[PDB]
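As a starting point, one isolated chain is supplied in structure tokens, in the form deposited in one PDB entry.
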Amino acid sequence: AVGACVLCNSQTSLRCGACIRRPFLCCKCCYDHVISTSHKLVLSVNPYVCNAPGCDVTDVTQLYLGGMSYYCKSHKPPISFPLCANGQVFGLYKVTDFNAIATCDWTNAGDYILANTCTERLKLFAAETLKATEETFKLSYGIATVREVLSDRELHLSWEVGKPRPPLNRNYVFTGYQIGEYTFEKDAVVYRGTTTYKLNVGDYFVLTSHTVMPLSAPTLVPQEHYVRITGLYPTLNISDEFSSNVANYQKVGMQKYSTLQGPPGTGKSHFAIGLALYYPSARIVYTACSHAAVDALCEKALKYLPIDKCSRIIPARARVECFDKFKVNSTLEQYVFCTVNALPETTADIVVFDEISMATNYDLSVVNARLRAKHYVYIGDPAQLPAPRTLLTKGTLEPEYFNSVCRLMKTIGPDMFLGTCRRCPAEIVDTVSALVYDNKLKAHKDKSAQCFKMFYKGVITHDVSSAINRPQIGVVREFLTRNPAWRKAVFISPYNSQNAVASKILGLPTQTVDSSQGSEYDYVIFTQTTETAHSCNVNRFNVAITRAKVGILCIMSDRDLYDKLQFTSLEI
């Protein structure tokens, strides 16, 4: 019952029994908590409660020390000291922001803003509290039981009354009863088991709520600048292919952590792998939140780094298929490729943390906890998509509050900017450069003259809250009859349910904007589906249209975003 004060570090025996995470608070801080919030339970070796038989007074503000023991006003002996006096709470060794973090329900943007503008120890408290609150909310959704099994990929579900039903997308992973993890898509529902299984009737599905470990390591270790490349040995022969990156590579070596903002198709992957070739003896751990981002770093590594010195870490509770072509789970290889959640406790010359817009402050802490390293490299794009905040329903989370790295990239700027898009037709590069990159992103490719926009609001139907626009798909179908090059196009929308309808009617492969992030395709068809905050978010829009290598068709609901597309407008 003895720890350091999460606000100021001062030793104490006071934790807040009201806070879900029960943080150690110093007497000066514990007071300013209890006297400002509904949080009145203080703990030490024993609870600060009235010790008189049958008395229920736990409010420290109505409590006194009578000898060794605590009493309320009604029970205290004549010789007693109140537990709250002169801005302190009686403890051994004798905050506005802490209070808002400790009591918020995390449904408001301002809660995430504060969890990212605050002091560094408060970012860990916030990150821990948020994640705790996120997991306890999963317990609020109704259990799903299998009524009947139609096919090997479709069944009929019965939903517990008196509890709400979860969104049936790829985000929401269920546990079958442990008969493998399962997702569902929309009275016929499409089921997808991790382990293939004759899905027994009576079997039930639940959202597994994993207990939240406390955090220790800061989001960002403290910054160190060096006069010379520290702890790394650069090649004197580096292939022309990576010549562009040498100054950035020397910056990586001359400070503790560095930030790389790389817009779509600007060479983030190339940069990350180019780092190993420039520091050829350096042990490098390649990490991201998702298997897809880590796999993408693997595909690049396979092309440039010796396969014998690469390992893909894969936890024995596997959830998707991972990259196969490396030795699996060899923690000691020079090159290690591993999701944040699966990181081993180890050291490294360089940690490369990729897709940083998708990381939470929880993830940034875990990494600094599990990996002791000479250099930390943070790669991604704050103009791209953050991790979903399942609890956030009010306000929009701006890129400067995604996590500590994005806040740095949005405030003091990134240490390094990849400024030339080599993926996208210039029509797309020019659109996004103006929209989210302050005109700093340059087109390598010419205009493709295969980038089209149509303003067509259509009709918005909903499967629950998930939007569908059949007329927008109708327009796409018409377009395809006259544009046969697009037969191979990937269909993209901000909505799973629009994607389900586009699958049936068009037969095109289908992606949400959020699932499309990090991928590229020759041709993209985008239906905005709706005018909502979701569908008009400039980051989501940016990702949507930068997936395309050759052509994009955008059926738009929003005038502002429509007019900004530097595309040939179509009629109908």
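For every residue, the number given is its place in the sequence shown, counted from 1.
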| item | value |
| --- | --- |
| Other PDB entries, at least a third, lacking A318 | yes |
| Interval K94-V95, deposited residues with no coordinates in the entry (none, 1 to 3, 4 to 9, 10 or more) | 4 to 9 |
| Missing residues, deposited sequence, between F81 and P82 (class: none, 1 to 3, 4 to 9, 10 or more) | none |
| Mean temperature factor over C-alpha atoms, higher-scoring stretch between 109 to 117 and 209 to 217 | 209 to 217 |
| Between the two ranges 481 to 489 and 220 to 228, the one averaging a larger CA B factor in the entry | 220 to 228 |
| Which of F184, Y456, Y378, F337 ranks first by CA B-factor in the deposited coordinates | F184 |
| Identity of residue with top Cα B-factor, from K410, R170, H291, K442 | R170 |
| Position of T37 among the chain's modelled residues by C-alpha B-factor, lowest, middle or highest third | middle |
| For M416, the third of its chain into which the C-alpha B factor falls | middle |
| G67, C-alpha B-factor rank within chain (lowest, middle or highest third) | highest |
| Within-chain third of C50 by Cα B-factor, per the entry | middle |
| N496 - Cα temperature factor, lowest/middle/highest third of chain | lowest |
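The form deposited in another entry is left out here; the points below concern that form.
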query	finding
Two-part rigid motion between the shown form and the other one: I284 with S258	yes
